[PDB]
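Enquirer: I have a structure I would like to understand better, so I am pasting it below and will then ask my questions one at a time.
Residue numbers (my numbering): 1 to 330.
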């Protein structure tokens, strides 16, 4: 089997991407944030505290003839941005882009933190990291990909995120028309439950490539590119007037600037992030200070190849017995 679904930016900045997902019988379609940095499929629901729902579409298990309470199971998750959610668990039929999993754990939110309530466009998350990170207790549950894997034509999914445009998540096949050149594959460590890999270096604009190992995670659920402070300083030093602002929470730059590109290495290959991808717009409405898309990972404890980086590539998440990642230009 295969599946193919379009993923759409939630706003004009590409702050996140939503993908329609069918849950239950008859189908209830919710727009979920596919997150290769976590491993829970959770949804706003008829059980979510009413004051914490503000415009999201909810899953109502009582209206699904295939929903079953997973008795005794609870979940609770906290994300790197400080947001969180928790609740109980149903199993139900879940389909993505024509690919169907029966008996998928659907984690129904009883509580969500303010940032989820305040984002009316995201109805929940669909985790695509390794199932060892799933938070369901006392019986850990499998991700949608883990459940689908054995049925797929090939044990892979691909992320093809757009810049200020829709893109595609494919399951079970590699669309050879969706990228240019060849795909360069690189080793993955699953020891932390992430799609963790080592970039071979970077360049800023037209500058020379610096060969240096940068361990980090391929994380579709993180907006920005978080790299070591040395790398990030070298980037922003090429932008007149850019500075790190403790009050804003990262590097800012004059909105009048033209940003240089940023290149990262994948083996001997190179992925180029155009400068425009690094502009996250005014820090507050009408400001001439703009927020940078490359930020320091110091204090986060891990480097994160988020959407800013991934959207410059066609990315293969290879879930073979020994997982690997593939990157191609596009």
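Ideal Cβ placement from N, Cα and C applies to all residues, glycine included.
If we ignore side chains and look at the alpha-carbon of each, how far apart do residue 59 and residue 21 end up?
Expert: Indexing the chain shown from 1 puts residue 59 at position 59. Indexing the chain shown from 1 puts residue 21 at position 21. Distance between residue 59 and residue 21, taken at the CA atoms: about 11 angstroms.
Enquirer: Report the CB separation of residue 73 from residue 88 in whole angstroms; it is logged as a contact under 8 angstroms.
Expert: Position 73 of the chain shown, counted from the start, is the residue given in the question as residue 73. Position 88 of the chain shown, counted from the start, is the residue given in the question as residue 88. Right, the Cβ-Cβ distance comes to about 7 angstroms (below 8 angstroms), so this counts as a contact.
Enquirer: If you draw a straight line from the alpha carbon of residue 5 to that of residue 62, how long is it in whole angstroms?
Expert: On the chain shown, position 5 is the one that residue 5 refers to. On the chain shown, position 62 is the one that residue 62 refers to. The alpha-carbon atoms of residue 5 and residue 62 are separated by roughly 27 angstroms.
Enquirer: Would you mind working out which of 230, 246, 190, 24 sits nearest residue 322, comparing C-alpha positions?
Expert: Locating residue 322 in the chain shown gives position 322, where the first residue counts as 1. Here the closest residue by C-alpha is 190.
Enquirer: Is residue 116 helix, strand or coil when you go by DSSP?
Expert: Mapped onto the chain shown, residue 116 falls at position 116. It is helical.
Enquirer: Figure out for me which residue from 52, 94, 69 has the closest Cα to the Cα of residue 84.
Expert: In the chain shown, the residue the question calls residue 84 occupies position 84. Just measuring C-alpha positions, the residue of 52, 94, 69 sitting nearest residue 84 is 52.
Enquirer: How many angstroms separate the CA atom of residue 234 from the CA atom of residue 112?
Expert: Position 234 of the chain shown, counting from 1, holds the residue named residue 234. Position 112 of the chain shown, counting from 1, holds the residue named residue 112. Residue 234 and residue 112: Cα-Cα distance of roughly 38 angstroms.
Enquirer: Can you pull the DSSP bridge partners for residue 161?
Expert: The residue you call residue 161 lines up with position 161 of the chain shown. For residue 161, which the question treats as bridged, DSSP gives no partner whatsoever.
Enquirer: Quick one: grab the DSSP three-state call for residue 330.
Expert: Reading the chain shown from its first residue, position 330 is the one you call residue 330. Coil.
Enquirer: Which of helix, strand or coil does DSSP assign to residue 52?
Expert: Taking the first residue of the chain shown as 1, we reach residue 52 at position 52. Residue 52: helix per DSSP, three-state reduction.
Enquirer: Give the DSSP bridge partners of residue 36, in chain order.
Expert: Residue mapping note: residue 36 aligns to position 36 of the chain shown, counting from 1. Its beta-bridge partners do not exist; DSSP assigns none.
Enquirer: Is residue 277 helix, strand or coil when you go by DSSP?
Expert: What you label residue 277 is simply residue 277 of the chain shown in a count that begins at 1. Three-state result, residue 277: helix.
Enquirer: By the 10 Å Cβ neighbour count, where 16 or more other Cβ atoms means buried, how is residue 150 classified, buried or exposed?
Expert: By 1-based counting over the chain shown, the position of residue 150 is 150. Looking at its Cβ environment, which holds fewer than 16 other Cβ atoms inside 10 Å, residue 150 is exposed.
Enquirer: Let me know the beta strand (DSSP E) ranges lying completely inside the stretch 245-314, each 3 residues or longer, listed in chain order.
Expert: 250-254, 262-266, 269-273, 279-282, 289-292, 294-296, 303-305
Enquirer: Just to confirm, is the Cβ distance from residue 300 to residue 291 under 8 angstroms?
Expert: Stepping through the chain shown from its first residue, residue 300 is reached at position 300. Stepping through the chain shown from its first residue, residue 291 is reached at position 291. No. Outside cutoff.
Enquirer: So who's on the other strand from residue 78, going by DSSP bridges?
Expert: Taking the first residue of the chain shown as 1, we reach residue 78 at position 78. BP columns for residue 78 point to 84.
Enquirer: Based on Cα-Cα distance, which residue from 200, 204, 193, 246 lies nearest to residue 185?
Expert: Start at 1 with the first residue of the chain shown, and residue 185 comes out as number 185. Of the candidates 200, 204, 193, 246, the one whose C-alpha sits nearest the C-alpha of residue 185 is 200.
Enquirer: One question on the structure: do residue 3 and residue 172 come within less than 8 angstroms of each other, judged by their Cβ atoms?
Expert: Taking the first residue of the chain shown as position 1, residue 3 is located at position 3. Taking the first residue of the chain shown as position 1, residue 172 is located at position 172. A Cβ-Cβ contact shorter than 8 angstroms links residue 3 with residue 172.
Enquirer: Reducing DSSP to helix, strand and coil, say where residue 138 ends up.
Expert: In the chain shown, the residue the question calls residue 138 occupies position 138. In this structure, residue 138 counts as coil in the three-state DSSP scheme.
Enquirer: From the DSSP secondary-structure annotation, give me the bridge partner or partners of residue 333.
Expert: Here the chain has residues from 1 to 330 only, and residue 333 is not among them.
Enquirer: Rounded to the nearest angstrom, what separates residue 41 and residue 124 at their Cα positions?
Expert: Indexing the chain shown from 1 puts residue 41 at position 41. Indexing the chain shown from 1 puts residue 124 at position 124. Taking the Cα positions, residue 41 is about 7 angstroms away from residue 124.
Enquirer: Which residues in the same chain as residue 310 place their Cβ atom closer than 7 angstroms to its Cβ, once the five residues preceding and following it in sequence are excluded?
Expert: Here the question's residue 310 lines up with position 310 in the chain shown. Counting only Cβ-Cβ distances below 7 angstroms, and skipping sequence neighbours, we find 159, 161, 218, 220.
Enquirer: Taking C-alpha atoms, which residue in 147, 281, 263, 76 lies nearest to residue 319?
Expert: Counted from its first residue, the chain shown places residue 319 at position 319. Answer by Cα proximity: 147.
Enquirer: Taking its Cβ as the centre, do 16 or more other Cβ atoms sit within 10 Å of residue 36, making it buried, or is it exposed?
Expert: Position 36 of the chain shown, counted from the start, is the residue given in the question as residue 36. Buried.
Enquirer: Here's a check: name, in chain order, each residue in its chain whose Cβ is nearer than 8 angstroms to the Cβ of residue 236, leaving out the five neighbours to either side.
Expert: Walking along the chain shown from the start, residue 236 turns up at place 236. So the qualifying residues of the chain are 242, 243, 244, 251, 253, 292, 294.
Enquirer: Could you check if residue 118 is buried or exposed, using at least 16 other CB atoms within 10 Å of its CB as the buried criterion?
Expert: Along the chain shown, read from residue 1 onward, the residue named residue 118 stands at position 118. Around the beta carbon of residue 118, a 10 Å sphere encloses fewer than 16 other beta carbons of the protein chains shown; the residue is thus reported as exposed.
Enquirer: Beta carbon of residue 121, beta carbon of residue 18: below 8 angstroms?
Expert: Numbered from 1 along the chain shown, position 121 holds the residue referred to as residue 121. Numbered from 1 along the chain shown, position 18 holds the residue referred to as residue 18. Going by C-beta atoms, residue 121 is nearer than 8 angstroms to residue 18.
Enquirer: Just tell me which of 108, 49, 80, 38 has its CA closest to the CA of residue 298.
Expert: Your numbering for residue 298 matches position 298 in the chain shown. Out of 108, 49, 80, 38, 80 has the C-alpha closest to the C-alpha of residue 298.
Enquirer: Please list, in chain order, all residues of the same chain as residue 98 whose beta carbon is under 6 angstroms from its beta carbon, the five residues on each side excluded.
Expert: For the purposes of this step, residue 98 is identified with residue 98 of the chain shown, where counting begins at 1. Around residue 98: 3.
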